[PDB]
Structures are given as C-alpha cells and as structure tokens.
Protein chains: 4
Amino acid sequence: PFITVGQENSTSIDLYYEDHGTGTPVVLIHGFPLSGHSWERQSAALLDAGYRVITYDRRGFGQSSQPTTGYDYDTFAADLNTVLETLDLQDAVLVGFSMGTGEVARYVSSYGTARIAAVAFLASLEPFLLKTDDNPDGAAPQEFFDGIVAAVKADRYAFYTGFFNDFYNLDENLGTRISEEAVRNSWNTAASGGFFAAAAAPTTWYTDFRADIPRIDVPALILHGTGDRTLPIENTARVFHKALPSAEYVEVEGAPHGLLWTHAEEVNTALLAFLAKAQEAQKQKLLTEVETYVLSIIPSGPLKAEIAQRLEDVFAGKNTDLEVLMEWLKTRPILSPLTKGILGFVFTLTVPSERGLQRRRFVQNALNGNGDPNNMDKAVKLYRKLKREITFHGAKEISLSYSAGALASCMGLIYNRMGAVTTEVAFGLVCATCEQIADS
Amino acid sequence: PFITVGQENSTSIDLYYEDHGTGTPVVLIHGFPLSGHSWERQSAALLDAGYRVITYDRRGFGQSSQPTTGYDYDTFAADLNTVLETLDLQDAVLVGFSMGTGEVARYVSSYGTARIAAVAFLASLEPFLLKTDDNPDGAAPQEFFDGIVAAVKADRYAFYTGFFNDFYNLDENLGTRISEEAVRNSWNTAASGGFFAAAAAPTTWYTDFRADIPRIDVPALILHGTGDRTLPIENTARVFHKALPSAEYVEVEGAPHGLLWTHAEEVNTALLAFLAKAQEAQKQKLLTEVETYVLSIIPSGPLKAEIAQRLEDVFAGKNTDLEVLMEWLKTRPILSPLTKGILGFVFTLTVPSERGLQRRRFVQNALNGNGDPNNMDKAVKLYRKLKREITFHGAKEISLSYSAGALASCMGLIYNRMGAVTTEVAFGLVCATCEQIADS
Amino acid sequence: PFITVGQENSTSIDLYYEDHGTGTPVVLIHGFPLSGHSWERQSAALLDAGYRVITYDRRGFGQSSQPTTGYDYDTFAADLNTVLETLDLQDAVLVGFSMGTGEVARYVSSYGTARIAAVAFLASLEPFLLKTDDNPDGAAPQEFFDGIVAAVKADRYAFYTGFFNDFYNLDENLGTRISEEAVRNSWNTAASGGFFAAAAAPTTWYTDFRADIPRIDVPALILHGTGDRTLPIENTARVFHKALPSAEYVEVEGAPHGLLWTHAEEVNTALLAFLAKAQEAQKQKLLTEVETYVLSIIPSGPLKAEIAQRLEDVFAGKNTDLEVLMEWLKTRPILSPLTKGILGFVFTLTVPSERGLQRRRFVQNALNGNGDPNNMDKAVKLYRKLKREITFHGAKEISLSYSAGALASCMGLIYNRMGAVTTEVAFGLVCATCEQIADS
Amino acid sequence: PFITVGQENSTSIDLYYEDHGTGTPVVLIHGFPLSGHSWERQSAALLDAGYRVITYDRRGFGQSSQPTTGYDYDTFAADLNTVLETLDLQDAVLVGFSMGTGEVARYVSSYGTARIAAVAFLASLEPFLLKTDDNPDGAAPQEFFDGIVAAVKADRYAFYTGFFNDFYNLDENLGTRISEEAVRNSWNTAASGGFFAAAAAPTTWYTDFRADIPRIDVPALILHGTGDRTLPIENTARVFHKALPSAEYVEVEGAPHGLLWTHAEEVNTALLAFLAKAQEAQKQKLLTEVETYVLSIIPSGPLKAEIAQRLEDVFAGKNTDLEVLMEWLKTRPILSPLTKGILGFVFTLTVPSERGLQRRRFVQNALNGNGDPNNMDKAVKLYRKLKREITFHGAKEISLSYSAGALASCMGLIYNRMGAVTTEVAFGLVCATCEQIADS
C-alpha cells in the first residue's frame, strides 16, 4: 500500500504503509536506517490489545520512494501530515523511535494536536543533539556528524555492519536478546534503502527540537534505554525530561538503542500501559459530556437515575446484553419515542459486542423525522458537513445551526447505515440533537 | 378536519379533530366508547367563556381511522403529542375523561409539561384499576376485565346497551338528567367506532399510572362522581388524590360515570373556576411581557419610570383618560417619534372607553417610518399573515422575520383601522417590533 | 365531495356536495335541521327528467364542516356563491326549502342573477318571520325564537323528536304519508349536525328578506303547504306572494312543513312543470346551435333546405324513420363523405327510437379518418379529455384545439361504441368538427 | 381510507377501504345493502389467524361515493380491479358475500387469476338468478325483480326493515343468533347508502354468471345456508356446485342469508380451513421450486442433503433458530461464499421470527458483486423491472436476461434493504440467480 506525499521529476513520491487491526489508531514511526517492519514486536502486541496499527516507511527507506530531496524534518512532518489526513485518522496516538521521535515533535508543533490523542517518544533525539555553546547538553559537535555522513558515503553497505553493532549492543545482547538472523534481516532492510537517503539522514539528527517541545499539549511518554550507545541517555532523554516534566518517564536499565527488539517485553509493557491509560482517559472526558447531554432530555425521576447507571456501566466496559437493554428501553414506561430513539442510537454506538441486533423498529420510527421531505433535505446537507468534520467540539457547533427535526433525521440516516461518520463526530450530532431539544 | 398520527399498511392513520374559538387552548380528550362530540355541553360553555376549544377522536373511535394496532397508552400519548405539535399549542390545558385521563397522565409524564399550563382529570382511571397483591386499591381483578373484552367480542352492539346503563346510571337518571334520545345518539356514536378498537380498549383500562403521577408538576384538578359505577370513587379518585395531594379535589354527589352530560352544570362550574385561575395567570404574563418589551426601547430616566407607571395603571384597569395620555405623549421631549408611535399604538389598544377619539396625527406619521416602499410592501405582506394568526406566540414568531422598518409600517396599517387583528396578535407585533429595534 | 368555503382556526370550512346527472343544473338547498339527502325524492324525479342535480350541505349540517362561526344569511349566501363559482354553473335553477329559501333570496339579491336561469321557493321563510310593529304579518315575536334556541341548547337530541312532530305533522301523516323508519333517518341526520350550528340556526329564521325580494328578476315559483305548522302559510307564502306577484304560486292543500317527502308527488309535479318551461327553452337554444353548425358544412342548394327540415323534425320530436333517413343520406350525390358521416352521427344521436339499427358502414368509413395511426392517436387523447368534460360549451372549446382529421376519427370512436360521452359533450365535438371544416 | 375508481361530473368516485394485519391478503367483498364493516366477525378471526384483511365498500354503499352510474358487474369488477392494482395485491384470496360473489366471478373471468390465489363464494348469486326458458333453475322471473326495485323506490327506509327480517330469519334467530341492537346497526348502515344505488342494485342480481364460471382456475369454496330465504339454496349454490364440481362445497344447516353474523362460528371454521389448505398448498409448489434451484448450485454430498433437510423444515414451519442456522452456515466447510450468500438470503426471507439478526458480513460480501460499477448499474436496471413485476414465473424470465454477476448484486441491494420487492418476486430473482450459476 502506498500514499503519495510529493513529486520528484517525472516520478511521484509515494510512501509504503500498512493498516492493520480495529480500534484507536496507533501510528508507529520507524528510525534509521530501517522501515515500518521494525515495529513487528510492538505491532503483534498492539493488535492483541485490540488497537489499529498504522506503520509507514520514511522516504528513501524500506519500500518507500527514494528521492534525492526533502530530507529535513519539515518535509518529514509534512509527509506524516499527508498520511494522517489521507487516512483521515482521528483520536490517534503517535509513537516514534530514533529519527521517528523528531517527526512526532515537529508535526505536533507545526500542525497541531487536532487529530492527536497522545504521543510517545522511544529512544528520542530531543531536544537537541548538536553540542554547541548555547547547547552544552549536546552529544557531539558539528564535525562529528560530518564524519558519520562521510562514512556512509565511503561504503554504505560496510557502514551498516558497524552501525548495528552499537545499535543492538551486540557484544552484550547477541545470542541473548537478539539472534544472528534477526540482525541479518535488519541489514537487508538497511541495504534496501536509498543510497542518497542513507547519507542524507544523519544531517537531520542535529535538528533543534527545543522550540517544538512546548507545543506538546497531549499526554506524553518518554522511554529510553540507559545502555543506549547511539543516543546517550544523559544528552537525550534526561534533558528531554526536564523540558517536558509532564511526560511519563521510563528508563529501561541496560537497554541498547535498538531496544524495540532486545527489550521488547519491557517496551510493550510500558507502552501498552501508557496507551490504555490515555485511552480510558479520553473515553471518560468524552462520554461524561455525552452522558450529561443525553440525560438533559430525560425527565427527572427514578428512571433518569436508572438510565445514567446503565450508561456509566457500558462506558466503563461492563458489556451488558444489548437485546436486554433494547427490550428494557422498549418496555419502559414514561420514556418518549424520540428519547428511546436517541438512547437506542447511543447504546448501539457505545456497546462493543453488537451481538447481531437488527435496527429496531422503535428506533427507526423515532428518527424518521415525520417523513417531511424538507427535514430529509436539511439532514443530507448536514451529513455532507459532518463527513468533513473530525473533532467532537467541531461537529457539535455546525450541527447546532440545524433544527431539531433535521437533526433527528440526520441521526436516522446514520443509524439506518445510509451514512458513514466517525464515532467522535457521531457523538457531536447526538449532543447537538439533545441541546436543541433541551431548549424547548 | 384530520391529523395524521401514523400509518397502518397501505393506509395512513388520521385523527378527526375540531378547533373552535379564540383564547387559551383547552384540549378535551373523550372516553370510551364515545367521541369528541361528547364534550358538546362543556365545549358550548367553554366557548362562551372565551376559550379556544380543541377536541379530537381517539383512534378507532368516532370519525378517526380504525386501525387494528396501537391500542396502548404509549401510542395514545404519542397521538396526543402529534396533535399538540401539529397545532403548535402553547400554555394549553389538558382535560381528560375516563380513558382520556390516561392520555393526560402519560403525555405529561412522557413528553413533559413544556406546552402544558394545567391539567384536569374527570372520572379518572388513575392510579391503577387492576386489583393485585401489590395494589389492593384496585377496582377489580384481571379475570373481570377479560370478561368485558370477551363480552364486547361476543356482540359489541348488544354490549353498548348494557354499558350505557351504568355509564349514565339510567335507572336513576333516565328521564331526569338524560333523555332517551341523548342515550340513543350515544349508542350510534359507539357503534360508529371500530370493531377492533372496541375490544382492544378494555385491556388499556388496567394500565399502571402510578409511575406517571409524580411527573405532574402543572396545576391539576381531580373531579369525580360519587355514584360512579364504572370507576368506583374509592378505587380511583380518592386514592388518586393521595398520590397527587397538590390537585384541586372535587366530589360531585350522586353523579354517575357519564357525569359530563347528566351533571353538566356541576361539571362546568367546577371546571370553569379551575380554568379561570390558569387563564388570568397567563393574561398577566402577557401584559408583563409587553411592558418589558415596550420599556426596552425607552431611554433610561424619570420619563421611563413615568411611562412604566402609566402602563401598569392601564394594565391594572385604572380608567385613565386617553385624550390626556395622547396629549401627554405628543408633548414629551427626549422621546423619539417612533417610540411615541409605538406607545400611542399600545395605549389606544389597551385603554378602555376610547370615547370616540379620532386617529392621532403624531402616531400615524411615526409608524410610517422611512417611507421606504420595501417597508410598505412587506408591511402588507406581514398584515396578511397576521389576519390568519390567532396566538400571541405565533404572531411574534412570524413577525420577527421582517425588518424593523416593515414592522413599524405594519403597526401603522392596523392603527389606521385599514386592518382588523385580535389583541393577542396585535401584542405579538409590538413585541416583535420592539425586539428588532432593541437589537440594533 | 367537498367545496372549501372558508377557514376556521387551524381547520378549513368545507361543504359536502353531490353532482349527479346531465343537463341543466338544478341546485337544491336543504332546510333545518337536515341535509342534501333530504331531496332524494325530488332528485330521483329530476334525474329521470334529464336534469343535472346538485345538492350540498349547509355549514354545520349533514356531512359539512361544523364551525362555530358564520351562521348568518350573508355567510350562507357567500357559501352558495363559492359553490356556484367553483362548479362554474351557468343558467342554473336554484330551489330552496325552509332555511334554503333564505339563501336563494339573499344570493340573488347580493350577487345578481348572472348564473341563474330561474328560482324556486318551497316552504319559504320570506319575507319576514319576526313579528314587530313595522311587520305585523310576522309569525312570532323575538321572545319566541329565543325560546327555541334555549330549547335546543337544553337538549338538541330531545328537541329533534318534538321538532319533527310538527315538521311532518305526524299525528296526521305518520303511517300514511311518512313511515317510522323515514322519520328515524331524519332524526339521525339532525343529530349528525353540529351542536353549535343547531342552536345558532334558529336566530337566522327571523331575517328580513323584504329588501331582497324586489331584486328577483328571473322567473320565480312559490310553493307552500296549507297545513304548515312550522311556517304558517299566511305569515309566510301568502304575504310573500303580495311582495312577488309575478311568481308562480302553488298551494298544496293539507301539506305540512316537511312536504318534500309526505306530499312528494304534488311537489314533484308542480316543480317539474315550472322547470320544464326553462329546460325546453335551453334545449332549443342548444339544438339551434347544432343546426347552424351542421348546416354550415352543407353546400347551398335545395338539398340544404331538405336537411334543415329533417333536422327540425327530429329536434321537434317528429318520430321520423331512421332506416329511411340513413338510406337517403347514403344516396346523396353532392354530399361529401365526411358530411354524410357527421349527419349520420347526428341523426343516430338525436333520434330516440334507434330501433336496433346496426352501425352503418357508410358512416364508419367516413369517420375512420383514413385509418391514419397518427389521427387515431390524437383522437384518443381528445377522447380522454372529453370523458372528463360535461358542458357543451366546454366540450366544444377543448375539441377545437385538434385537427379536423383527428376530430373525425374521435367521432368514429364514439359512433363505433369504443367511447362513452354524454349527449351535450357529443354535440360539442360535432360542432367543433363542423367549425374546423368550415374554415378549411 | 379511499381509492379513486372513477369520476362522475365535477366529483370523483372513491371507494372507502380498510387494510389490516400482516400476511397473505384476504379481500372481503360485502353484500347488499351493507358495507365492509359487515365482515367484522370474519375480520376479527382472520386477523387472529395472521392474515392481511382487506375490505372495501361498493359504490353507493357505506362510506363510498354515491354516484348515479356504473351499477353493473362489469363496472363493479372494474372497481375491484383498481383496488387490487392500487394496493398491488399478489397471491391474494377473494371472498364474496351475496352481491360480492358476483364481483369475484366477473373479475376472475375478465381480468384473470394472476393476482389471485384462491376464491370463496358465500351465499352466492351464481350461476343465474333469472328464471327463464333457457334457465329453469332460476329463482324468480323478470317481473319479480322489478317489484323489488319499485319497493325500494317507494320507501327506501321502510324497505330495509322488511328486508333484514328475511336476511337474518329473525323469527328464528332474533334473540338467539342475532341481537336487536345488531340488526339496528345493520339498518343504520343500510340507510347510510345512496338512494340511487339502493334501487339500482337489485337489477344487478339477475346477472348471468354462467359464462364467468368456467374461467375459475384457482381453488374454490362454495358456502351457503340451507335456510337462505333471499337466495334459495337449490336455485343458487346447488346448481352452482354442478357448474363448479371442483369447488369445496359446504352447506350450513338452518343458516339464513345473513349467516356471516348468525352462524359466524360455522362460517369462520369452514373459511379458515379452506384458506389454510390453499395457503400451505401454494407455499409447497413455490418452495419446492425454490428448493430445487437452490440445491442446484450446492455440490453433491452429505452437505447437500443436510441443506435440503433444513430447507424443508423451515418451509414446513418448523421455526428453527436463525442465529444457529446462520452460524451453522458460516462455520460450514466446503460451502462457497456465494452459496452461503444465496442461502443466507433465502433463510432470512423464509424464516418468520427474524429474531433480530443483523445483515451478516459473510452474506453482504458475497452479494456485493466484487464492487464493479458496471455490475451495480445493471443491478439497478433490473431492480426497476422487478418492482413492476408480480408473478414468480414472470420475475424469473426478465431476470434471466442479466448476467450472474449483475444478479448477485441485485440480491445484495434487496438484502441490504436498499430495495423493496415482494417475496414471490424475490424468489424469482434467487432462482434466476441459481439458474445462471448452474449453467457455468
């Protein structure tokens, strides 16, 4: 699979990518000089944990196009922007490794955390690798990095051998945490890259990310191995942690630079923990908003309390039976049809195991919108706008411009499956629908 | 007249209804097995007392469609909801009889007292007719009602005869409080209903309204005859009063179930009294609304206080001289001509005993405004709509769509008596006229 | 069938009506408290006599809407005007009974005798029922009529029983001129009316029609029963006859107020006689139009005179032989085939005793229209239009839009019995066919 | 509810009708001089037995328009044709009573048994009522029927009293099988009819249906009471049975003419029996055709036998669980996806209790038709044709003109509910789909 991110001469610039699993999107950005396949230990684990795993190869790396231009983090982040927008990812988590951490920082800084839910930095470059007067916490001076580039140019293939020696800390880990064959594969992947990209990449390492750091508002994770030879812990993660004190800090003892493979177990644990915490965190702040809006239309009484409890339960993950819930709704007294319709919409949307229940008659007739063609016309016009929308807050504002009658029909369009909108947008509509009704 | 409330197969479900008189809306919901025309003695009285009478026939009864589905109080209340929304009734009073009391209870409970000002329950079913363990205050057990259903199914035409015998307490009241011809007509109305609806209706009588009662927040009236054979006073109204202590309780001595006709005099008296309280309450809220809107355009000062006092005085009924007020208005400094015009319009409209005073020059020239032909044309365009309008809330809503200049000219059209609109509508215009001026 | 005559609140005011038969329009306006179906004995007779019978129910009566407004003869006459204009009746005869006579007088006075050919007053109210100083020939004073209204308000259903007792003179006529079942039905019709209309109607009875009477210029008929209890002959018809001496005066001895049923034979005879003078007058004007049109296509000579004579003879009712006429037509040397066809069509259409004569070959071959499939298609399109049509002038106008070739084939459709149109419409077609031929 | 069947003058001719329940359509055609409501004893029973009950009032009867034309069985049958086509009824059963039997015979004869599944004749007129030389088995001569018409014309209301006396055999059945009130209601219904229609109807009774009888190919039922006074058993049903020996013959001992009410229990039993037998009979001949076609695509083996058995079971009414069936299908080896798709389509279509199962992923992906827009285009073109189609044999022929790929997508359109076609047509498509696949 490919995504076009540019054009170089007669050819176009496409990035190889992979989209696996179902759930919240987790984007994995590889490091030098490998490819998306490097994440295989994480990808396998993330898929088991019910996530949607998205990986892609940086330009001039792996199966991606190998142009001779655009090897800078402004272009790298621009490419990532294309990827996220092309796939239209929302509420996604960015995870970067080595070079990949730079892309995360720059994108967040340059494009905003609209589509972003959280960020993770594994074996980070941040904040600044270059050792200068203004930055004494740098790893090495300019002359040093110039040596690396010249080494790659000398013999690209022979360079890789020595590179992976310190990448994995082979003297320690070979035969223990990484096999001979595994390294062999890493080398093949390295050779598979672009000759130009190979020597162009090291110049990007001394990028000044110090200005990018403050723009990080989403929850963050900083992971790094103490035995990191490529990017010394004290010149990278430790000073990075001072720049971003809010971030969850994890130091893996004795882990090398390529800890993604060697210390995969420690990495997965920390990562899956951070993801699960950030996931439940964004569910609660979103669902409590949905709860208050939905409860706003239900008349005060013992029934209102009963509804709120069952709502909290499904939100908590207490997967209650849906056939029972829908029947409880259907046979419930004092509930208005529209209220039953709205709740029916919410329950099918929030309940995981859909079990296999047909779009209920009582829900469809509530959402039909009396059969007014004027209501059906406004509903489609709104549906077009919601297809473009991504944020929950953004979806509610544009929906509020429409009448309560038009909103009900729009919900009906989606429920009947004549419409395909994201859950965050779907929640925006229902809350906006509740808001208009609440003002009556 | 019909209102579509649903659809059954190839056919649609329409309810026959009637809309008479001008004033506060009073919805009359008939009982089994009659129709809206049963209220004729109350309707005649209510029309004389300056109310807006709305009656409709339940599905499968009278002139309404006779479907073979939807014979439950959730469907009955949904039908009522459609009627109220179709007519866009606001600050209305619901009055139910026999089965009709169930509709009132369920609607208020399920849809809220948004459009409702007050409720009345005559010969109520509430709270629960069924005699069970948890409900010993029931009138009769399950087996009994099963007998009635089977009795109707056996021969509904023969059933009606025996039914009306206890409905009117004919051994007592025939030839005294009800004539043979009156009963004869009632029988015709009964037979005119649906065969299915006839046997489907008794199953609804043992509905549990105990959960619906607490949701009644609007002022309530509970009326019931002591000689009620169909719905025994102690198993219905008396225990209903314990559930709803706020309600005005009236016990009509020796009255049967069909007291609407037999004891019509006692019923009208009690009902019109209860209604008058709700009527005078919203009349006052109308004048306070006009006051606040009119005062909104007057600039703050001692003159504003002076105007507000004279406004309160005329609203209170204090016979102020009109020639004096108008001469006072004409000679006031600080006041804009349009402001003087609006006030002049309000004063001629509200001040009693106009004593034959010719249309003031200063008011006519004030309302003319710009002299813009767009203002003049739209004013006539608006005037046509206002002649059809009847409600204050309805008149204010449609008037707001017009520019402030067009509204001023529209008031001028009416002032020159080239127009004839009701006082409630006239007030809608001035408030809308005041609203536009304040918002610029 | 309904005709909208106004609007009351959310509902519209529609009048139930019936349009039967083909010929000169006869409008039958019922009295209190019945409906259009009351004329059923007259309608049956009038339909036999080849009239177009139009009946409608007054507002709040029979199957018409039951509003609580517009119960005055100015509104009643306005409704009648709407009916006449909606149906676009021309040269029609108005026949009124009881209350219905008031509508006739008022409409004629207020709207003019433009569409009216003649008028009839059966059991009239005219000229003035109220007994005052200026009008001593009144039947009863103000106080009396106030009693009737109060009587209806007390119990309209019980009122109906006592009303029909004097309406039909049951002590005399029951079991002789009117059956128990017939009265039963009359009672049902009364109860079916509006409760408001019932008590509102009597106040209209003492309307002053004295100024309306002189405005009657069309030929008039005044019929009344001597045994009329409701409207005493001397206070009504006798003084009415002095006001309108030109009118044809008929006094049915011993007939009650509801003589329409009891003395139906005497009523029908008198009515059909008066009507026949106006009907035969309009039949001739139709036939003279057809004659001029048919003769228009025949070339000048002795033959033209012969045809005109034979046309006058069949129009006059002189039973000429058809077998002879057709053989005479077939054998003419200077007559065009189309001309022979048209005349043949006319003769079969106008000759009563067709005597079982088979569809002539020579006429069929003339009307076939050269068997052009294009001509045959246009003829069917016209036939569809003529199937909806009823008037002669209306049928002629829409036919003129078609080519002479298309018209001839359409006549062929009807002649061959592949088409079914009324005689008035059929004449419209033939006249339209002649007009096109005359213009070449 | 109304259906327009014609036009008379300014008015249109509409028939009042009722459509209740879900299942195979059973049309109930009332007799003289009643209306559709007369069937109430049958309608209640048929609805319990899960049928779709359709009743309508003949022109000039009940709530239908009352024109003065078209009172002949060619027009009556034309009206019935409009009703069946307007509602688009297919595989329906016609049931006639008294006059209603004539409509059934004529429609079948004139319009064919395309939409008809079976026919029933209760208290039939057939074959010929008129007593002449050529028909000695007639009930009465011409002069006799002329007497009946004149009796109605004499006094329509008084006629009904004597009519219902022999209609129900009141001397026997009154107070036993029919109540005083029930007859009263029948009289009201009689009076409700048209005055013209009342006297016009008896002339239709001596219609010669002898030519209509042979055209009856669908299964027939002839029911008649021996105590029938109106239509003597020997002059009607007995000679009718000789004309139609294939018909199921039922003689109800001592039943009068209006046995629909009096002997309702005996009538329902016989009728529900005949319907159930004719219903299962048309299911078997249709389903065995579906079975052979569906099995044609399944490869021979033990799986083929297993499928056939489960198919026979669901066809027999052995309502097996659908969640289990679909899971059995999904987890079944050797079954192709398209085969699983086709079977999935058939099972959801044939299984009554849908239970509430979502359109399965495995079924949708099989029916998608690879996503070719050309296949989706042809599928819609076919869908338009199938919407017009009614017969199973008719639906298969027009579908065969389309490719197997286009057919699969068309089935997918219906399954996803983007399409609404009748079950007989739906079966035509699947069989046609199987036929194309079978030829590969």
# chains A, B, ... in the order shown; residues from 1 in each chain; ligands from 1

$ residues_around --residues "segment 287-292 of chain A" --least-positions-apart "2" --cutoff "10 Å" --atoms "only C-alpha atoms" --output "list in words"
residues 282, 283, 284, 285, 294, 295, 296, 297, 307, 308, 311, 312, 315, 316, 346, 350, 427, 428, 430, 431, 432 and 434 of chain A

$ select_by_dssp --residues "segment 216-323 of chain A" --states "strand (DSSP E)" --output "list in words"
residues 220, 221, 222, 223, 224, 225, 248, 249, 250, 251 and 252 of chain A

$ interface_residues --of "chain D" --to "chain C" --cutoff "9 Å" --atoms "only C-alpha atoms" --output "list in words"
residues 7, 8, 9, 10, 11, 12, 13, 65, 66, 67, 68, 69, 153, 155, 156, 157, 158, 160, 161, 188, 191, 194, 195 and 196 of chain D

$ atom_distance --atom1 "atom CA of residue 149 of chain C" --atom2 "atom CA of residue 199 of chain C"
5.0 Å

$ closest_residue --among "B:31, B:25, B:394, B:373" --to "residue 259 of chain B" --atoms "only C-alpha atoms"
B:31
